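Residue numbers (the authors' numbering), protein chains in the order written: chain A, 10 to 123; chain B, 10 to 124; chain D, 10 to 123; chain C, 10 to 123. Cβ coordinates follow ideal geometry from the N, Cα and C atoms, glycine included.
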Amino acid sequence: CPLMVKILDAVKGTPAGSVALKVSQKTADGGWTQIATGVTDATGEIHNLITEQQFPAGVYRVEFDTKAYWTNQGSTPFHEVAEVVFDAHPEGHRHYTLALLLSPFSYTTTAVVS
Amino acid sequence: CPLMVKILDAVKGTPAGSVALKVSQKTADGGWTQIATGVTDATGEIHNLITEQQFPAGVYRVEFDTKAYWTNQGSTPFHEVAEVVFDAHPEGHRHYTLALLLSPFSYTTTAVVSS
Amino acid sequence: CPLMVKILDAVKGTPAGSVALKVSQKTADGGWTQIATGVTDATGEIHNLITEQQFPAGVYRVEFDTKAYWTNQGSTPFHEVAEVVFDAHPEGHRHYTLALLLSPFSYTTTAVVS
Amino acid sequence: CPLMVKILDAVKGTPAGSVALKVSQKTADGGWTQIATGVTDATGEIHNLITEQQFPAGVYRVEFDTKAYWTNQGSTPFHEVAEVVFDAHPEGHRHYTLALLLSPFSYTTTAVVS
Ligand SMILES: Oc1nc(Cl)c(Cl)cc1Cl
Ligand SMILES: Oc1nc(Cl)c(Cl)cc1Cl
């Protein structure tokens, strides 16, 4: 699994379950095109989010639907979305874990690359 | 000024000076219209980034060129860019401060919103 | 004002008012001596917490009562306290700002040094 | 194990390997008693840091030697140490995971409880 996520809820002290996300690829032209979607399970993770064949070198954007998550928790969020934009396999294939720490008016995006 | 930023560098323990950013406004069709650009000063701020009149209610996107910042600092960063997207309702002298804390492989974005 | 703080609330998107904190100075024998206490105003700051004369070089500890901050809002927090421990002026006098970003189960502590 | 840690390096984008830490239990007299030491493996973790027998309800301190970590990485750090203090099993017994995101001048401490 070349692309993994781990989302934590800083209000409740649990993983953030049922967070919807979208994975897009940047075109040669210059825009975005959506290639996969997923929803986190109760551990804040998504297994088999994409295949290694869907994940060639290039720039990708992962859009986390934090607004819906907080709304479904009964809280008022600030951000309309949380976007993580990165160049993948710039100099050699490897595995990516996007860690995301959520609060209604704040998030922290970190990356663990192996 | 209804929209301020504060950017800090978590490696050096200073504000992040000379960071370029773009402010865009979501249009009715769902695209984006650029409405301002700026570069942080040595305190990590941009004074008078936009006027009250340029900042009506709606969705905005603030795009911070952190890649260039880290490259110039001599570190190889993870993120191509940092984007903060939010719905503004700037009724009643309601001000937004976007705080951003930068690390080469991490950032934290928070907002402070007045009343 | 060599020692300043800026505390923010990541749940509601405001500065964290009425946060009590204590400043202690490490002693030769390894112990801690309290030198100042204070409470953040509504901007999340404390003015005139200590003087330059009270702030010689050495190890300090700033203890933030985050538990009461969350308890008094009716939320349930994780940490008993937030403690920021640092060596001050190890290469000369400076000015120190401790920024603190608070959520019930998380905080981020950063320093701005001049 | 009832107490796990996960330490990430936000400069390199990897787990923080070989971080030393100490676990202490607050005593009735307001002091601290050390109950364990440990050192993270290359995944930023410590397997079996303590046992259930060592973990009655009460306040605990986990002290992470982050200064030595950054010194070895060849960076100049701000904090002397990173300290996490929390009340364990306040409303009954729980399992705890402490997440720590490290930068030379910043850290984020988060908790995942049960
Ligand atoms: O298992 C985990 N992994 C990561 Cl990467 C984080 Cl940030 C937090 C936890 Cl609990
Ligand atoms: O004025 C400010 N200063 C600092 Cl240091 C932070 Cl983190 C946030 C704000 Cl709004």
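Beta carbon of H98 (chain C) nearer than 8 Å to that of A66 (chain C): yes
Of all the residues that make up the stretch 85-110 of chain C, which are near chain B by a beta-carbon distance shorter than 8 Å? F87, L110
With a CB to CB cut of under 7 Å and the five nearest residues on each side skipped, what residues in its chain are close to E54 (chain B)? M13, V14, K15
Chain A contact for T117 (chain C) (CB, 8 Å cutoff): yes
Reference residue 125 (chain D); option with closest CA among D:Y105, D:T117, D:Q43, D:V68: Past the boundaries of the shown model lies residue 125 (chain D); chain D is included only from 10 to 123, so the question cannot be answered.
By the 8 Å beta-carbon criterion, what residues does the stretch 23-52 of chain B contribute toward chain D? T23, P24
Endpoints, beta strand (DSSP E) assigned at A91 (chain D): 88-97
With which residues is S84 (chain C) paired in a DSSP beta bridge? Per DSSP, none; premise fails for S84 (chain C).
If the criterion is Cβ atoms closer than 8 Å, does the pair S115 (chain B) and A19 (chain C) meet it? yes
Measuring CA to CA, which of D:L109, D:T60, D:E100, D:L110 is closest to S123 (chain D)? D:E100
Beta-carbon spacing of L111 (chain C), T52 (chain C) below 8 Å: no
Taking only beta carbons into account, state which residues of the stretch 65-87 of chain C come closer than 9 Å to chain A, listed in chain order. none
Please return the same chain residues whose Cβ sits closer than 6 Å to the Cβ of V94 (chain A), not counting the five positions on each side in sequence. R70
What does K31 (chain C) pair with, by DSSP beta-bridge criteria? C:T46, C:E72
Inter-residue Cα distance where the pair is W41 (chain A) and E72 (chain A): 11 Å
Expected contact under 8 Å - CB spacing of residue 124 (chain C) and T106 (chain C) to nearest Å: One cannot answer for residue 124 (chain C) here, as it falls past the ends of chain C, which runs 10 to 123.
Between the CA atoms of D96 (chain C) and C10 (chain C) - distance to the nearest angstrom: 17 Å
Just checking: is the beta-carbon of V121 (chain A) within a distance shorter than 8 Å of some beta-carbon in chain C? yes
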